[PDB]
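Quick heads-up: it's one chain on its own, the form deposited in one PDB entry, in structure tokens.
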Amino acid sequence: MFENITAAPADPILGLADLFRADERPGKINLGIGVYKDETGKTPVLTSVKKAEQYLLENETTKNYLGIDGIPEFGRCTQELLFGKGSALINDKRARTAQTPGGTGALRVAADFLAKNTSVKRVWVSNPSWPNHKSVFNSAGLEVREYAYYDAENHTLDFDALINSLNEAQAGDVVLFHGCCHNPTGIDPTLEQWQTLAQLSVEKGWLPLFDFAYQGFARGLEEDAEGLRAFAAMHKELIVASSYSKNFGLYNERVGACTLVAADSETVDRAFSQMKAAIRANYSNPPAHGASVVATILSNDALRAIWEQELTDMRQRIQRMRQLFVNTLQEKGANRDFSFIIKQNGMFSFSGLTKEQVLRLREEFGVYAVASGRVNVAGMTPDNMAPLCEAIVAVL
């Protein structure tokens, strides 16, 4: 049965990772990492999370299965984060949330739900996007089409090209939007651009699918949800796949949410019954530990305040690195405009380097980024900035 199976395309993440590992050189630098790192180059467990985990160890009396949609408090806190306390969406009971194994799990549950229960055949994704989007939707039998996004000349959102591309989208197609901190570009629509897109989506009959993996990493929790909320104000229906992997530092505990919104409570409950069926046939019910940590923190004033500050600290360190990168490149004699880096949001940006410059950086200088030239600004520290920038200047 297995003798003729073709190997999966080689894992570029493992990577990357393996080549970085094997590199004998000082002072090698990894900007290809997917996770947040602090100023010491570590990805520690958040203090709020450790406190929550201690509480759970002390207080949990069973590991009995959660419901298919997971911890109710988790769902409520999630909806509040997404839509705002006192949202009409929430008051009108138009939203249902399933706790899922990560944002990826939320995307797959959405995909399976759509493939099995609706006429959706096609999902529109930005060019570029997170490479796993295509894999996830294709796995559910959905076609993926790309829309223009990145102005490679100006390092900005090519809004005209985006709108032009999306004209080929038919009524009943899904359009995927990154809520904030677009991956890989860090380029997000302005609020006005979100409002234009929201209006257009209603007119064209698109089903919006928001992917929210970085809430809090651009400007702040509420500010980062403005785009979603602009859509939510205009649409009867949408889906949000969110993740707590980066903003709680809970990567390996697999904590995310799939939130379904419909015109009213009867309709969302009916649709959600099929989303739960989709979950039941996949992993049955979701993993408690990470989601319980999130619910414990979000629902406690003390823990929530500690967590919010920890998230603020991450957001701010990333901003400081964006600034330090631009200043240091100028001071190492780059003699080119990198100001776009200051304006971009979240851990990721395109450096504007070509695939060959990126390969050169890896081979000659032991500086590691992904082929598109995307770099994780959180892999940067005050200590590694000067060598990093000297290497980049050298390949310009």
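If you superpose the two forms and keep the largest set of C-alpha atoms that fall within 1.5 Å, you have the rigid core. Residues that one form lacks are left out of the comparison. Residues carry their position along the shown sequence, with the first being 1.
Comparing 209 to 217 with 192 to 200, the higher mean C-alpha B-factor in the PDB entry belongs to 192 to 200. Taking the PDB entry as given, 154 to 162 carries the higher mean Cα B factor of the two stretches 72 to 80 and 154 to 162.
In the deposited coordinates, the residue among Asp92, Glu253, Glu310, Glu237 with the greatest CA B-factor is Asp92. Sorting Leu56, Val49, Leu66, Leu361 by the CA temperature factor given in the entry leaves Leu361 at the top. Annotation for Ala263: C-alpha temperature factor in the middle third relative to the rest of the modelled chain, per the entry.
For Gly86, the recorded CA temperature factor ranks within the highest third of the chain's modelled residues. The entry lists a Cα temperature factor for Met314 that places it in the lowest third of the chain's modelled residues. Per-chain ranking of the deposited C-alpha B factor places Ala169 in the highest third. Per the deposited record, the Cα B-factor of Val45 falls in the lowest third when ranked against the other modelled residues of its chain.
Unshown form deposited in another entry; subsequent notes refer to it.
Positional change of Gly27 between the shown form and the other one reaches 2 Å or more at the C-alpha, relative to the superposed core. In the core-superposed comparison between the shown form and the other one, the C-alpha atom of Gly15 has shifted by at least 2 angstroms. Taking residues common to both forms and aligning the rigid core, Cα displacements of 2 Å or more over three or more consecutive positions between the shown form and the other one occur only in 10 to 28.
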